[PDB]
Protein chains: 2
Amino acid sequence: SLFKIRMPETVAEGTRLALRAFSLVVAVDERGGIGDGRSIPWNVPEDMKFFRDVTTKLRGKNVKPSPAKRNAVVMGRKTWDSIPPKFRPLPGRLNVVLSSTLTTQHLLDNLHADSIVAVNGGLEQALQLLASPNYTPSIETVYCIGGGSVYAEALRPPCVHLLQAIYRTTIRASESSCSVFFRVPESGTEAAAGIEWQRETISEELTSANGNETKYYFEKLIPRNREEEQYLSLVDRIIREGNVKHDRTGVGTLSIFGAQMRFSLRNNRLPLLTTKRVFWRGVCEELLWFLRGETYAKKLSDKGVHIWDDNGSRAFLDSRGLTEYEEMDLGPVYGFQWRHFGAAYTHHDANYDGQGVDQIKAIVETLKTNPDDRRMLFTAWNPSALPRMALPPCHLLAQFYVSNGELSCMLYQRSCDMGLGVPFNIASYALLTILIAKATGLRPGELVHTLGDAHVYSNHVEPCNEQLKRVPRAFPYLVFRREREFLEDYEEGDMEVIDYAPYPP
Amino acid sequence: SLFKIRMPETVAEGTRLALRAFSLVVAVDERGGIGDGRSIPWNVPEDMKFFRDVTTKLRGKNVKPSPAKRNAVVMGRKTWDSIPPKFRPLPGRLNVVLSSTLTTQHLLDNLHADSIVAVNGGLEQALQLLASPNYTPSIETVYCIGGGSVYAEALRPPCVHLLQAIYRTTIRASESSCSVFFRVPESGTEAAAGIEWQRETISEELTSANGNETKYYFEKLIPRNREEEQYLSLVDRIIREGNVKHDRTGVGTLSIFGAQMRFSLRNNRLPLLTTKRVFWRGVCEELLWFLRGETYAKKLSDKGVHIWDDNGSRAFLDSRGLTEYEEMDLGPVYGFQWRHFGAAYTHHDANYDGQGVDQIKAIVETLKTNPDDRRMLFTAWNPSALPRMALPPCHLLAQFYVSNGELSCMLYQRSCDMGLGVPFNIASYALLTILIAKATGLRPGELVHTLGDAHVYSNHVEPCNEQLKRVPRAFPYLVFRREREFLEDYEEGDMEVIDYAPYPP
Ligand SMILES: NC(=O)c1ccc[n+]([C@@H]2O[C@H](COP(=O)([O-])OP(=O)(O)OC[C@H]3O[C@@H](n4cnc5c(N)ncnc54)[C@H](OP(=O)(O)O)[C@@H]3O)[C@@H](O)[C@H]2O)c1
Ligand SMILES: NC(=O)c1ccc[n+]([C@@H]2O[C@H](COP(=O)([O-])OP(=O)(O)OC[C@H]3O[C@@H](n4cnc5c(N)ncnc54)[C@H](OP(=O)(O)O)[C@@H]3O)[C@@H](O)[C@H]2O)c1
Ligand SMILES: CN(Cc1cnc2nc(N)nc(N)c2n1)c1ccc(C(=O)N[C@@H](CCC(=O)O)C(=O)O)cc1
Ligand SMILES: CN(Cc1cnc2nc(N)nc(N)c2n1)c1ccc(C(=O)N[C@@H](CCC(=O)O)C(=O)O)cc1
Ligand SMILES: O=c1ccn([C@H]2C[C@H](O)[C@@H](COP(=O)(O)O)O2)c(=O)[nH]1
Ligand SMILES: O=c1ccn([C@H]2C[C@H](O)[C@@H](COP(=O)(O)O)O2)c(=O)[nH]1
Ligand SMILES: [Cl-]
Ligand SMILES: [Cl-]
Ligand SMILES: [Cl-]
Ligand SMILES: [Cl-]
Ligand SMILES: [Cl-]
Ligand SMILES: [Cl-]
């Protein structure tokens with residue numbers, strides 16, 4: 001007992017008050033107008049249906065959204081009025097109206113069902129409230145539905161940065177008399193705020209069954225994800241240009257040598273790959289495992305994480321000359337080296353308190369006292385210990401760096417499978433940083449990822465081409481439901497990763 | 001004794017028969033023509049003087065070129081004839097005429113002085129012969145002076161790649177009747193062979209004191225050095241965008257976090273920076289020092305290398321809590337960790353044979369037997385040894401990789417001074433690779449350089465701006481005058497770095 005690493009008092013100076021990411025639904029005329037002062041000028045029933053369906057429907061199979069798992073819509077006061085009483089409140093969804101004249105009760109009235117909440121501030125507060133401990137597991141996607149004033153805030157920092165998709169219905173009607181305006185800025189413009197907007201989908205031109213045979217079309221717009229895209233263009237480069245190589249088993253690979261990647265961890269954005277679902281539950285579970293200096297791999301198994309299972313079998317241990325290790329015991333691997341570098345190993349049950357160099361601790365120590373130190377790095381690559389290990393480490397090195405009170409972290413990895421190894425490990429180090437940040441009272445900055453031998457497996461090739469066809473969506477956020485007294489005492493339950501919107505596992 | 005690493009038998013399969021790099025002098029009309037069949041059409045006396053001076057004059061101060069240190073000109077047979085007997089042979093220079101009809105003696109005739117050599121092949125053989133053990137220290141720059149046939153070979157692989165500068169005199173004369181042609185290809189064209197040609201200098205338009213008041217101008221053309229340029233654009237990025245930081249002494253720095261560089265080591269090209277002269281003699285001396293697992297820093301001092309001098313003083317050792325170490329003893333630093341990782345240190349004189357993990361050896365071992373291994377990496381970052389060291393390592397990690405029978409090598413460095421640290425270290429690892437290549441019977445490939453904290457010192461800033469004004473020239477070549485029985489037994493004398501053409505120290 002301690003020995004452990006003790007967490008600081010408050011959250012990091014000028015810190016991220018946990019927000020929620022959102023999506024925006026809007027209809028415009030060709031000029032980009034939304035409603036002549038109050039309300040809306042045109043009448044397209046097809047938009048209404050398309051509105052209903054976007055706002056209601058959850059991810060997955062035919063899963064009716066009960067209060068226990070549902071979607072939420074955010075609107076200003078004027079719009080909430082604008083909705084006809086026959087469809088008020090909006091069914092299936094959590095009507096969220098911001099107001100500074102009316103309260104939650106003050107709005108409830110025909111009668112009488114509690115699917116609404118009024119909020120005292122703007123969009124930020126909504127997102128804060130929606131990301132708040134109870135609302136978060138229950139509420140899947142947030143949608144902003146208008147109007148002008150609410151949209152203004154959406155395309156303004158720091159909302160615009162939490163803005164993750166725009167569904168935009170264009171109406172082929174035209175007059176000048178429509179007052180307010182909504183234009184998505186072109187990329188690389190001042191108004192763009194450095195965001196790059198792309199078409200993800202776009203419907204046919206369609207004609208409305210209303211009174212004027214008026215044309216309309218749909219389109220989904222997403223904020224281009226350079227970060228994830230660099231990962232992909234590395235995969236493509238390997239496939240096109242990699243050297244054919246053959247590993248220890250004998251499987252064929254394509255590999256390149258030496259590359260570098262970066263990912264913003266700012267405001268707990270978390271680079272889980274969109275183009276393919278990552279095993280976050282395992283990621284998180286394994287790293288906390290690492291952080292304790294753990295070794296008995298069945299701790300992971302017991303918790304439904306089966307990866308060290310292959311390398312933990314009686315067979316493989318023996319195949320690696322580890323007679324004396326009981327099944328699922330790995331020796332001085334990763335985390336052990338992290339916390340007790342150079343400590344002589346015997347078995348996993350054995351007490352390792354005080355033996356060997358506790359790198360992580362000393363790092364946490366230096367960070368707080370002396371941020372400018374060019375020596376804050378831990379290693380798992382111990383030549384003397386390597387033979388006693390079930391597996392030499394891939395991610396063998398990490399160096400920390402601090403600027404503008406933000407913590408960055410370079411990770412070095414000698415052998416990198418883009419297939420799953422890599423995306424997994426990116427998430428893994430992203431978490432470490434965020435945690436270490438939290439432990440040293442700093443905001444998180446960048447993860448820099450340096451790859452040694454980067455490879456794709458011979459089987460993986462064609463699969464990977466399927467992945468390369470997809471566009472990367474925006475990244476999710478790590479948010480803490482709870483904090484702990486000691487870093488070591490953190491658990492998967494304590495955090496929850498919000499707004500992860502991938503494509504199939 | 002051995003213990004050591006034993007060198008292989010022959011040189012690496014399909015290997016670089018040591019060549020010399022050269023420069024090209026040529027005159028053209030505006031159409032790019034050089035001489036109507038045999039000889040030259042126009043008469044410009046100013047070209048002749050400019051020819052004389054380029055071909056004769058050595059680098060440095062008023063140093064008359066004696067046979068002991070001089071310049072060499074390479075010409076085909078027809079040109080050697082073309083020279084009028086009153087200036088034959090060309091004075092101050094080693095007239096080198098290739099022929100397959102006439103020999104060295106066969107050409108000597110008025111009479112009678114031995115400043116010439118005939119060669120049986122083309123330009124390659126010339127360069128080979130000029131880089132040959134005796135001719136190399138003595139002969140400073142090689143110039144190719146024509147004609148058509150010799151120029152053809154110059155702009156052809158693999159000469160064009162050893163081609164390092166073109167001095168081109170343009171004559172503002174015009175007819176069609178000039179037969180042969182000389183055009184430098186535009187960059188990114190087929191004919192360019194992937195080389196990018198740039199103007200380094202260009203004179204005034206000038207009028208010849210000959211019979212027709214004919215115009216002419218000069219210009220120097222160099223093959224753009226992307227490689228070195230990446231180093232520079234990193235320096236500029238730091239200066240423009242680096243975070244102000246303050247190191248352990250207290251000096252001010254500008255730093256960035258995490259970057260990556262590459263350098264071709266192919267055919268023993270050696271990335272010594274042109275934009276500022278590097279201390280090669282020290283580089284080479286220190287790395288061989290490393291390679292032996294050496295520690296008594298005075299071995300370097302004795303050999304006129306004073307860098308470990310500051311960190312080796314009685315003072316600094318004491319300042320680092322090293323009472324027991326005699327002056328100029330550093331503890332388990334760099335090379336020691338390389339050769340005896342984890343060996344318990346006592347003093348430099350003490351025998352360390354057989355103790356600790358000999359990384360380098362095992363690497364050399366694996367390379368030969370199993371090139372596809374993703375584990376060939378040595379480290380100097382030993383947490384248990386760090387406190388006993390006078391200095392923690394900057395270059396703490398190197399991983400090797402083999403493709404197409406070429407050896408590449410990634411180097412990881414945690415703290416990087418662009419001022420001198422970096423350029424020095426690039427050369428340092430380039431040498432290691434070349435040597436390790438030689439030890440494992442492989443050709444050398446790429447050095448990949450990964451920088452952690454990259455910085456420029458507060459003083460260094462303005463100096464560095466002066467450097468940034470320069471254009472990087474082409475890189476030099478490492479060539480071996482002699483080989484050794486064991487890797488350890490190599491010496492600075494054994495090799496000689498040819499064609500290093502910088503700007504002031
Ligand atoms: N074409 C389309 O798809 C599109 C979409 C939606 C709506 N529209 C239309 O366009 C019109 C635009 O009008 P609008 O923008 O004024 O509508 P609105 O968004 O519904 O009205 C904003 C109201 O929300 C509350 N609010 C906003 N920010 C707040 C804050 N920071 N703190 C506390 N309360 C806050 C305020 O009510 P309190 O007075 O109570 O404080 C405020 O009056 C709407 O009437 C709508 O019908 C068009
Ligand atoms: N404008 C300018 O600045 C410029 C510069 C220089 C010259 N020029 C003129 O342009 C003309 C071009 O004619 P050119 O190109 O035929 O002249 P050249 O280069 O002097 O003649 C080539 C001769 O060199 C020997 N040689 C070349 N390659 C060889 C090889 N691979 N192995 C053995 N021997 C080799 C051959 O002599 P063997 O028969 O003995 O084998 C061959 O005939 C010259 O006459 C010159 O006056 C113009
Ligand atoms: C005034 N208002 C806001 C409104 C209207 N059209 C939009 N159209 C688009 N594309 N995006 C929006 N932001 C949007 N917002 C309204 C008006 C009617 C209903 C409405 O009838 N609600 C039903 C629609 C059912 C139906 O008519 O089919 C629902 O279930 O959502 C809601 C919001
Ligand atoms: C035919 N030939 C080859 C020749 C002539 N002009 C050139 N001009 C240029 N720019 N580049 C060359 N390749 C070149 N080559 C010649 C002709 C004369 C002399 C010559 O008179 N040599 C004296 C020149 C002394 C003088 O005339 O001032 C010397 O010292 O180099 C040499 C080479
Ligand atoms: O965290 C990990 C663990 C394993 N691997 C994969 C990639 C390589 O194929 C292999 C590395 O093991 P060796 O090649 O050195 O045996 O494991 C990773 O990419 N990341
Ligand atoms: O091979 C070397 C040796 C030293 N340094 C310089 C750069 C840093 O300023 C300093 C590293 O030492 P610390 O900052 O960790 O004390 O030494 C290098 O760049 N390369
Ligand atoms: Cl329906
Ligand atoms: Cl009102
Ligand atoms: Cl067992
Ligand atoms: Cl003169
Ligand atoms: Cl002839
Ligand atoms: Cl002493």
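Residues numbered from 1 in each chain as written, not as in the entry; some residues may be left out. Chains lettered and ligands numbered in written order. Heavy atoms only, no water. Residues with missing side-chain atoms left out of burial classes, pairs and counts.

Per the deposited record, determination of this structure is attributed to X-ray crystallography, with the resolution reported as 3.30 Å.

(A) Examining the site of ligand 6 more closely. Close to ligand 6 lie 14 residues, the nearest being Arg374 and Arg375 of chain A together with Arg414, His455 and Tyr457 of chain B. The local environment of ligand 6 is shared, drawing residues from chains A and B. Interatomic distance of 3.1 Å between a side-chain N/O atom of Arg248 of chain B and an oxygen atom of ligand 6. Out of a free accessible area of 460 Å², ligand 6 has 79% covered by protein chains. Counting residues per element, the ones that place at least two in the shell around ligand 6 are β15 (406–417), α13 (421–440) and β16 (443–457) of chain B. Counting residues per element, the shell around ligand 6 draws most heavily on β15 of chain B, which supplies five residues. Classifying every residue of the shell around ligand 6 by side-chain character gives three nonpolar, six polar and five charged. (Near = heavy atom within 4 Å. Polar contact = N/O pair within 3.5 Å; in protein donor to acceptor, adjacent residues only side chain to side chain. Areas by Shrake-Rupley, 256 points an atom, 1.4 Å probe, with all protein chains shown as cover. Helix = DSSP H or I, 4+ residues; strand = E, 2+ residues; numbered from the N terminus. Nonpolar A, V, L, I, M, F, W, Y, C, P; charged D, E, K, R; others polar.)

(B) Structural view of the site of ligand 2. All names here are of chain B. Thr79, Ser99, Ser100, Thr101 and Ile145 are the nearest of the 26 residues found near ligand 2. The backbone of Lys78 places a nitrogen or oxygen atom 3.0 Å from an oxygen atom of ligand 2. A total of 940 Å² of accessible area belongs to ligand 2 in isolation, and the protein chains cover 81% of it. Secondary-structure elements contributing two or more residues to the shell around ligand 2 are β1 (22–29), α2 (77–82), β5 (139–146) and α6 (148–154). Looking at the shell around ligand 2 residue by residue, the class counts come to nine nonpolar, 15 polar and two charged.

(C) Region of interest: the interface of chain B and chain A. Contact with chain B, which involves 50 residues of that partner, is made by 50 residues of chain A. At the boundary of chain B with chain A, total buried surface from both sides reaches about 4,200 Å², with 54% on carbon and sulfur atoms. When the buried area of chain B at its contact with chain A is split by residue, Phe257, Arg374 and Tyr401 of chain B rank highest and sum to 22% of it. Put simply, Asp373 of chain A and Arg248 of chain B hold a salt bridge, and the shortest N to O gap is 3.8 Å. Between chain B and chain A we count 30 residue pairs in polar contact in total. Elements represented by at least two residues in the side of chain B that touches chain A include exactly β11 (243–246), β12 (252–264), β13 (377–379), β14 (395–403), β15 and β16 of chain B. The element best represented in the side of chain B that touches chain A is β12 of chain B, accounting for eight residues. Residue composition of the side of chain B that touches chain A, by class: 21 nonpolar, 19 polar and 10 charged. (Contact = heavy atoms within 4.5 Å. Buried area = accessible area lost by both parts, 1.4 Å probe. Salt bridge = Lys/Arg side-chain N within 4 Å of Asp/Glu carboxyl O.)

(D) Main features of the side chain of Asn425 of chain A. One can find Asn425 of chain A in helix α13 (residues 421–440). With residues up to four places along the chain from it excluded, the contact list for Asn425 of chain A reads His395 and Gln413 of chain A.

(E) Seen up close, the packing of aromatic side chains. The final tally for this structure, using the stated rule, is 35 aromatic pairs over all chains. A centroid spacing of 5.2 Å and a plane angle of 70 degrees characterise the contact between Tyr151 of chain B and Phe182 of chain B, whose relative ring orientation is edge-to-face. Taken together, the residues span a long stretch of sequence, with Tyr151 of chain B in helix α6 and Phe182 of chain B in the loop between β6 (163–171) and β7 (197–202) at a distance of 31 residues. Residues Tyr151 of chain B and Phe182 of chain B agree in their burial class; the two are buried. Within the aromatic cluster, the residues linked to one another by ring pairs are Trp289, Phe290, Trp308, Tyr334, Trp338, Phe378 and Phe400 of chain A. Positioned above the aromatic ring of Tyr503 of chain A, the side-chain terminus of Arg473 of chain A is 4.3 Å from the ring centre. Seen from the ring of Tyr401 of chain A, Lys245 of chain B lies directly overhead, with NZ or CZ sitting 4.3 Å from the centre. (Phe/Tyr/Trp six-rings, centres within 6.5 Å; stacked < 30°, edge-to-face > 60°. Buried < 20%, exposed > 50% of the residue type's maximum accessible area, 1.4 Å probe, protein only. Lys NZ or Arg CZ within 6 Å of the ring centre and 35° of its normal.)

(F) Expanded view of the side chain of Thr440 of chain B. Residues and elements named next belong to chain B. Along the chain, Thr440 falls in helix α13. For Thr440, a relative accessible area of 8% corresponds to the buried category. Each residue touching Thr440, except ones within four places of it in the same chain, is listed here: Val364, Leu367 and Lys368.

(G) Examining the domain arrangement of chain A more closely. All names here are of chain A. Per the domain assignment, the segments of chain A are domain 1 (1–226) and domain 2 (227–505). Counting from both sides, the interface comprises 32 residues of domain 1 and, opposite them, 41 residues of domain 2. Of the roughly 3,100 Å² buried between domain 1 and domain 2, counting both surfaces, carbon and sulfur atoms make up 53%. Considering only the side of domain 1, the residues that lose the most area to domain 2 are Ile5, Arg16 and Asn225, jointly responsible for 25% of the buried surface there. Between domain 1 and domain 2 we count four salt bridges in total. Linking domain 1 to domain 2 there are 18 residue pairs in polar contact. Secondary-structure elements contributing two or more residues to the side of domain 1 that touches domain 2 are α5 (135–138), β7 (197–202) and β10 (219–223). The dominant element in the side of domain 1 that touches domain 2, judged by the number of residues it contributes, is β10, at three residues. Here the side of domain 1 that touches domain 2 is built from residues that sort into 15 nonpolar, six polar and 11 charged. (Domains from an automatic or database assignment.)

(H) View of the UniProt feature "active site" in chain A. All names here are of chain A. The UniProt entry lists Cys394 under the feature "active site", expressed in the numbering used here. One can find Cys394 in the loop between β13 (377–379) and β14 (395–403). Apart from the residues within four sequence positions on either side, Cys394 is in contact with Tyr334, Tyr412, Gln413, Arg414 and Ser415. (UniProt positions renumbered as here; feature names shortened; annotations may be inferred.)

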